[PDB]
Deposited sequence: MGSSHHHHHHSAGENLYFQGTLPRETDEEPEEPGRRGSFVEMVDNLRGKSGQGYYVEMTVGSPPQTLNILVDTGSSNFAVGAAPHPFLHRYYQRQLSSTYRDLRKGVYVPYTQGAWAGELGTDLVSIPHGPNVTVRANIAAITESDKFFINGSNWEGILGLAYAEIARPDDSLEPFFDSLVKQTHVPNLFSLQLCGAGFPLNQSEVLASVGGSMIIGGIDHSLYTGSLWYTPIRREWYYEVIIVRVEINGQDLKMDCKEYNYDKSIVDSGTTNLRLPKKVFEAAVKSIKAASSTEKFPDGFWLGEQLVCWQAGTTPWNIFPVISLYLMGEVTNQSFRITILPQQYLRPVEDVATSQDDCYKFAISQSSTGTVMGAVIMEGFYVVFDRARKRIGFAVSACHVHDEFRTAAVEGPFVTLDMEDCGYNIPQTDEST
């Protein structure tokens, strides 16, 4: 036991359909399972019956609920919901030892948002006010917590793939990683926006201009499953990954996410697939570092004696998104007080006897401030 021990192992997931934490709302208490999302900024909960929900928030039974008299609507890349704004008291039983009064949206209708069998009933948006709906005067959950209490302006995340993990609020826990932590600056506070300066596939540089990697932004996002890439980058990376795994051919639909391939239980040939590295901007002029993932991170199991996989890198038209495929390799620190994000090798990542995920540096990279996109 270190001093954050009671927060270790406070996350669950069912069949790889989102990581969630327990939260307690209102008075007397109602406890619900809440999806953790660093790619949005609204706190919202289901508040009316739905065939995919086991329970929901009942405002009439809470004596501390206050009505803001205002509607709200939120569309994502996948799905959308509409509801009503209010405030109420909120705690996290396996989190920090405080209670705050927070904005909450009560979800009364939705389309392709809730997921059958996921076991979660609402979402906690952990990013900044600039992207909240209906606009930036609606204060997000993490801002309320820092402004009302002593808790330090920092949190960190360890997602353990195949489903559990930990969310540490107000500090770092040294048993959750090995080796050192390496930091990249947050470019601007809206999404958690970062700069990628080089890409390699099995040690071989892809050689695109670095402005293509960040067009029109690159972000770190725990509520999206895949690594998503801009059109011209997706096309050149798949060509290179096929060239490097050519001891077995696969149909074209596999690299598009439209076909699965299944091996007999225990026998998947991890070694025929290459490793992938991203280089990120560091904290000193002209210095970078690199993070490296394995096929165990970018091929995802779909839930007999047969192990079936889907290829989890895909095309985007709104910039690079480092989703759960990147985060399951690493312990990640969202250090909001010093405007930076830290990466270290995770103590729980999935690997084999020949290779492991890695975080290494320092490397020399010139002109990194050219790489970023301006409106």
Point to revise | Deposited residues absent from the coordinates (by C-alpha) | key: 1 to 35, 198 to 209, 351 to 354, 427 to 433
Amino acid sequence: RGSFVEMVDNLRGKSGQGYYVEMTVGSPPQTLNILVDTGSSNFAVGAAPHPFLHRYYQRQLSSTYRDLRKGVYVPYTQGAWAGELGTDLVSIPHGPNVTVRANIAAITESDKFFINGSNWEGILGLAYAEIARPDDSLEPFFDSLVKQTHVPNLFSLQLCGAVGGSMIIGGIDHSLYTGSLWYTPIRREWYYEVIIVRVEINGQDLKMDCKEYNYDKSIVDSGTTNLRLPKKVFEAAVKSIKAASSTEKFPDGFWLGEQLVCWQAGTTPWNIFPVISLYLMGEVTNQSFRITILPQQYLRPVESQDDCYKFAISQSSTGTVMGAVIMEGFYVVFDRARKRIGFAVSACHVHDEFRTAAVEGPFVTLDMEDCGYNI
From here on, numbers count along this sequence of modelled residues.
Check your understanding: Which of the two stretches, 18 to 26 or 360 to 368, shows the higher mean Cα temperature factor in the record?
Key -> 360 to 368
Revision key, fill the gap. Higher avg CA temperature factor (92 to 100 vs 208 to 216, as deposited) belongs to 208 to 216
Practice item. Have a look at 273, 191, 289, 142 and flag the one whose Cα has the highest B-factor in the entry. Key: 273
Review point. In the PDB entry, which of 224, 137, 184, 158 has its C-alpha at the highest B-factor?
Key: 137
Point to revise | residue 282 CA temperature factor, ranked by third within the chain | key: lowest
Study note, to complete from the structure: On the chain's distribution of Cα B-factors, residue 82 falls within the third called lowest
Exercise for review: Report the third (lowest, middle or highest) to which the CA temperature factor of residue 296 belongs, ranking only the modelled residues of the same chain.
Suggested key: middle
Study note, to complete from the structure: In terms of its chain's C-alpha B-factors, the third that includes residue 108 is the middle
Practice item. Quick one: classify residue 307 as lowest, middle or highest third of the chain based on its Cα B-factor. Key: highest
